[PDB]
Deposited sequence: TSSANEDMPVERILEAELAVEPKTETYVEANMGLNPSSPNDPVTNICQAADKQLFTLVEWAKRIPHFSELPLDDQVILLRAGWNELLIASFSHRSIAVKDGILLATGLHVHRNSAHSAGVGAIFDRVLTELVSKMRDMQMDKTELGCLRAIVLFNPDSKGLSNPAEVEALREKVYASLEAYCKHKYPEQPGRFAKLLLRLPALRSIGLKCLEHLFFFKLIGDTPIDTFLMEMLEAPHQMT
């Protein structure tokens, strides 16, 4: 009903002077890819069109952040952007965004690497974030809650089977989500500020996610 093999295929179908300008460029590019990603997640396309909007608008940060963090596993003190460019710890710090960059590095990338999070687990965590019943405006929130329940039950059962020696790997995965949430909110703030000041080029799709509400 909610197969981890299908969620994995959604992830695999998606694989490709101012550092902040380069990071925002990569963000906009991935927003298009994210919409295509969401569709490949079982039952998401079957949700009403308005609810698909509400879901993607509420989680786009966390969804994108999870993606470039897992991509950056084999990177020393930095992140690999979707554009192909690497961005190092010092490059971001010198751009005046080192505090949040280090949070991404320490709380996600690093934590992902040490447990060697696979693409199926990354996909499931992303799918859990996607099916957020707490998203305001949702027409039928219980339907979105039920789809979340099906993703994590599949993820647990995937974990108990693929890594049966690590009895607490399931909870370990789920406990990166508050960090992702916290880091996601702090990104929005930054992005709102890059907008307010106007010293950073911001492409059309990224600009639309920064429009109200």
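A.B. asks: Where the model has no C-alpha, note the corresponding stretch of the deposited sequence, numbering from 1.
C.D. replies: Gaps vs deposited seq, in order: 1-6, 23-39, 237-240.
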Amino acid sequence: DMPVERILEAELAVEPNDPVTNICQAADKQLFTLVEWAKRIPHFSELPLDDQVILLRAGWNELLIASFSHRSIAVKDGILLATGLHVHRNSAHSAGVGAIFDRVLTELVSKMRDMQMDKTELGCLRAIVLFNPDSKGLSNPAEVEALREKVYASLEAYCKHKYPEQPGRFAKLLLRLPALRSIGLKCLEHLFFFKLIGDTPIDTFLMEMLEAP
From here on, numbers count along this sequence of modelled residues.
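A.B. asks: Taking the other PDB entries of this protein that cover both neighbours, check whether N17 lacks coordinates in at least a third of them.
C.D. replies: Yes, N17 lacks coordinates in at least a third of the other entries compared.
A.B. asks: Going by the B-factors listed in the PDB entry, is the mean over the C-alpha atoms higher for 58-66 or for 158-166?
C.D. replies: Higher mean C-alpha B-factor in the PDB entry: 158-166.
A.B. asks: Report the stretch with the higher mean CA temperature factor, choosing between 74-82 and 97-105 on the basis of the entry.
C.D. replies: Comparing 74-82 with 97-105, the higher average CA B-factor belongs to 74-82.
A.B. asks: Of the three thirds of its chain by CA temperature factor, lowest, middle or highest, which one includes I41?
C.D. replies: For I41, whose C-alpha B-factor we compare with every modelled residue in the chain, the answer is the middle third.
A.B. asks: Lowest, middle or highest third: where is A13 by C-alpha B factor in its chain?
C.D. replies: Highest third of the chain for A13's C-alpha B-factor.
A.B. asks: Among the modelled residues of its chain, does the C-alpha B-factor of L196 lie in the lowest, middle or highest third?
C.D. replies: Middle third of the chain for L196's C-alpha B-factor.
A.B. asks: Can you work out whether the C-alpha temperature factor of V144 puts it in the lowest, middle or highest third of the chain?
C.D. replies: Tercile = highest for this residue's CA B-factor.
A.B. asks: Ranking the modelled residues of this chain by C-alpha B-factor as given in the entry, is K29 in the lowest, middle or highest third?
C.D. replies: Answer is middle: the recorded C-alpha B-factor places it there.
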